[PDB]
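The chain below stands alone and is given in structure tokens; this is the form solved without the named molecule.
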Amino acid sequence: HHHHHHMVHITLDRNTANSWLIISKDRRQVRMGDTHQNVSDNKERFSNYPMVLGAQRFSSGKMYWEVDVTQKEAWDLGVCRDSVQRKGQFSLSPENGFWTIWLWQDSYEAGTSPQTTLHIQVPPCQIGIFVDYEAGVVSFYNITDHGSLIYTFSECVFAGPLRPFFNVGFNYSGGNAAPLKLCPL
């Protein structure tokens, strides 16, 4: 792809994080802690899952960023509406305001309803995410495999400002402690 020139500098919003997450000083990395991280509760925090939003809000234009997923067993990545539900149980779908892909149990899937199987020959260590607000497109790229396309959501109905979306996943296995990292431009 040739989307690299739309690169944006994403930082994580500490106030939206699940209370078990640990965000680095530079706000560019996030991992699952082994306990509650001693923060107060607020209406922004994702309560049920290890999720956090980017600070940046997008309502126009073309945006591109990259995320490092090295050695993780499970994660979700993409964008979501600013007004997504924070509390309780929900599914990641465009009807609920999410445009996402994930890794789970050794398979990659796009967060459609129902979910769509992805076809990845080279397990990615870094993911590229491209949003074209006006066109209604969210695309995912395999940086490890020379930028090959993973998935395109088209005909997106954003219906609001968008935020970068992250889920570091649970670590029930002891094999999913590694962080998500925003990669340098």
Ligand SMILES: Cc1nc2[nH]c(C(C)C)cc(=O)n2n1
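The first residue of the sequence shown is number 1, and the count goes up from there.
The PDB entry reports B-factors from which the mean C-alpha value can be compared for 34 to 42 and 128 to 136; the larger average falls on 34 to 42. Per the PDB record, of the two stretches 88 to 96 and 74 to 82, 88 to 96 carries the greater mean B-factor over its C-alpha atoms. When the CA B factors of the chain's modelled residues are split into thirds, the value for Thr152 lands in the lowest one. Looking at the C-alpha B-factors along this chain, the one for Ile23 belongs to the highest third. Annotation for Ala177: C-alpha temperature factor in the middle third relative to the rest of the modelled chain, per the entry.
Placement of the Cα temperature factor of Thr16 within the chain: middle third of the modelled residues, per the deposited record. Ranked by Cα temperature factor within the chain, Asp145 sits in the highest third according to the deposited record.
Same protein, other form: the form deposited with the named molecule bound, not shown, and the subject of what follows.
Heavy atoms of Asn167 reach within 4.5 Å of the named molecule in the entry with it bound, making it an interface residue.
Residue contact check for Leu53: none of its heavy atoms lie within 4.5 Å of the named molecule in the entry with it bound. Using a 4.5 Å cutoff between non-hydrogen atoms, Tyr64 does not count as a contact of the named molecule in the entry with it bound.
Among heavy atoms of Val79, none comes within 4.5 Å of the named molecule in the entry with it bound.
Residues of 38 to 67 that come within 4.5 Å of the named molecule in the entry with it bound, judged by any heavy atom, are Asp41, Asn42, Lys43, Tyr49, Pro50, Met51 in sequence order.
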